[PDB]
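Trainee: Just so we're aligned: 238 in UniProt numbering is position 30 of the sequence shown, and the numbers increase by one with no gaps anywhere.
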Amino acid sequence: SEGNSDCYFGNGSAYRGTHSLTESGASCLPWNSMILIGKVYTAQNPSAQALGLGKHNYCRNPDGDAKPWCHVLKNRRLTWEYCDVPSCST
Ligand SMILES: NCCCCCC(=O)O
Numbered sequence: 209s210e211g212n213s214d215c216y217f218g219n220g221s222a223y224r225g226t227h228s229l230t231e232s233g234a235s236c237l238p239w240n241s242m243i244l245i246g247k248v249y250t251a252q253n254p255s256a257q258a259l260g261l262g263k264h265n266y267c268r269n270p271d272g273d274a275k276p277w278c279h280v281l282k283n284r285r286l287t288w289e290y291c292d293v294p295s296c297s298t
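1) According to DSSP, which residues form a beta bridge with residue 299?
2) Are there 16 or more other CB atoms within 10 angstroms of the CB of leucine 286, so buried, or fewer, so exposed?
3) Within 8 Å, do at least three Cβ pairs link the segment 214 to 222 to the segment 244 to 255?
4) Cα-Cα, which of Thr230, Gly262, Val248 is closest to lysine 282?
5) Is any non-hydrogen atom of ligand 1 found closer than 7 Å to the C-beta of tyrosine 249, if you look at the structure I gave you?
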């Protein structure tokens, strides 16, 4: 409402989040990215629907985690952290 600070309820499962980055890990690997060819969660994944992704880099909760998270690239290694989605609280 009003300013409507991009937030989510419980785990933003059904609702669609607008954030596309992890709290402090890094940016979110493009779901339809080629590096995710048939990988954990992606838009090019045969389960893209269940994944809850799409042609973008938004954060999601394909596993049903807390706040929609997203992949992140670390020191020569891959990762994924909670996205910086400002909860609604109350
Ligand atoms: N719960 C999301 C897991 C995402 C996997 C990312 C990785 O393999 O680093």
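All C-beta atoms in this analysis are idealised placements derived from N, C-alpha and C, irrespective of residue type, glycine included.
Mentor: Taking the structure as given:
1) One cannot answer for residue 299 here, as it falls past the ends of the chain, which runs 209 to 298.
2) exposed
3) no
4) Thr230
5) yes
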